[PDB]
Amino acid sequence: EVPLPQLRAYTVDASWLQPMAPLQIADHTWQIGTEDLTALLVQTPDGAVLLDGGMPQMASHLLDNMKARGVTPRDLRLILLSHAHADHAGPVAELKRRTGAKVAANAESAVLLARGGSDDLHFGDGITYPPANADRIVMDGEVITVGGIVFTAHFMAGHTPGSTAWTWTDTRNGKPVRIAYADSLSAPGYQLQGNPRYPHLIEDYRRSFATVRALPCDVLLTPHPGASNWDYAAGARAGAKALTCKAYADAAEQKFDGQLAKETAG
């Protein structure tokens, strides 16, 4: 006689959980997460912004890296998200408790964050994390400005209903750098065709490929750095092989078409 299985925690490659020192992207923008999960700090004369936090166990490391940059808990004003999965939104509830930060997100991301990633359209209750509340709801194309850095929301539904690309302009050498933080365009283990929980999944991904291709995009970063060919452990050469937004969208679409064909075959 056989009991119900124990709960299984989601495990990840060690590199996803490997702390790294701050890596500078542009004049006010730094990578502060791990070797394989993006967490972007944008530092301004009127406070700081964090774009994603990575996994639940990353909160204290993020705070250490902020302190190393001169950003205190009180100085962190805003958290934005690519999407509200456990591997990017994991420590948001904890960061809100330990800092001044408020969360801005679209309605879809807010609803999923408030459930802590439970009842996911594809993963069910498999990838839960501590729930958090959004403080501000944003619409597509809406701008948020901190210390004169202007963040623009570009909805790119598919990976999650609330998937968002965030764009802003920083500087390097007195010249503008148009940075695009584009969300994931994967469909890990998804049923794509005839999905009752997401009937227009395929059209949404198609529109999202087009949205990504057209972003203002001098430098592309992604929540999993490998997707845009970043190597954060490579120091001075981390971003050398980085894809354009055009090439990232094309590769994602080619992968997606292959997955659709494998699904029809299966």
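Position 1 is the first residue in the sequence shown; the rest follow in order. Only the largest set of C-alpha atoms that superpose within 1.5 Å between the two forms is called the rigid core.
Asks: Determine, for 3-11 and 256-264, which one has C-alphas that on average lie farther from this form in 6 other deposited structures of this protein; superpose on the rigid core first.
Replies: The answer is 3-11, which departs more from the shown form in 6 other deposited structures of this protein.
Asks: Got a sec? Mean C-alpha B-factor, which is higher, 111-119 or 72-80?
Replies: It is 72-80.
Asks: Would 236-244 or 51-59 have the larger average of its C-alpha temperature factors, as given in the entry?
Replies: Comparing 236-244 with 51-59, the higher average CA B-factor belongs to 236-244.
Asks: Whose C-alpha has the highest temperature factor in the PDB entry: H85, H154, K102, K175?
Replies: Highest C-alpha B-factor among the listed residues goes to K175.
Asks: Compare the CA B factors listed in the entry for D140, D125, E94, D183 and report the winner.
Replies: Of the options given, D125 has the highest CA B-factor in the PDB entry.
Asks: So where's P45 on the chain's Cα temperature factor ranking, which third?
Replies: Ranked within chain, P45 CA B lands in the highest tercile.
Asks: Please rank the C-alpha B-factors of the chain's modelled residues and tell me whether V219 sits in the lowest, middle or highest third.
Replies: For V219, the deposited C-alpha B-factor lands in the middle third.
Asks: If you rank the chain by CA B-factor, which third does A134 end up in: lowest, middle or highest?
Replies: As the PDB entry reports it, the C-alpha B-factor of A134 lands in the middle third of its chain.
Asks: Mind checking which third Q193 falls in for C-alpha B-factor across the chain?
Replies: CA B-factor rank for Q193: highest third.
Asks: Going by the CA temperature factor in the PDB record, which third of the chain does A26 belong to: lowest, middle or highest?
Replies: For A26, whose C-alpha B-factor we compare with every modelled residue in the chain, the answer is the middle third.
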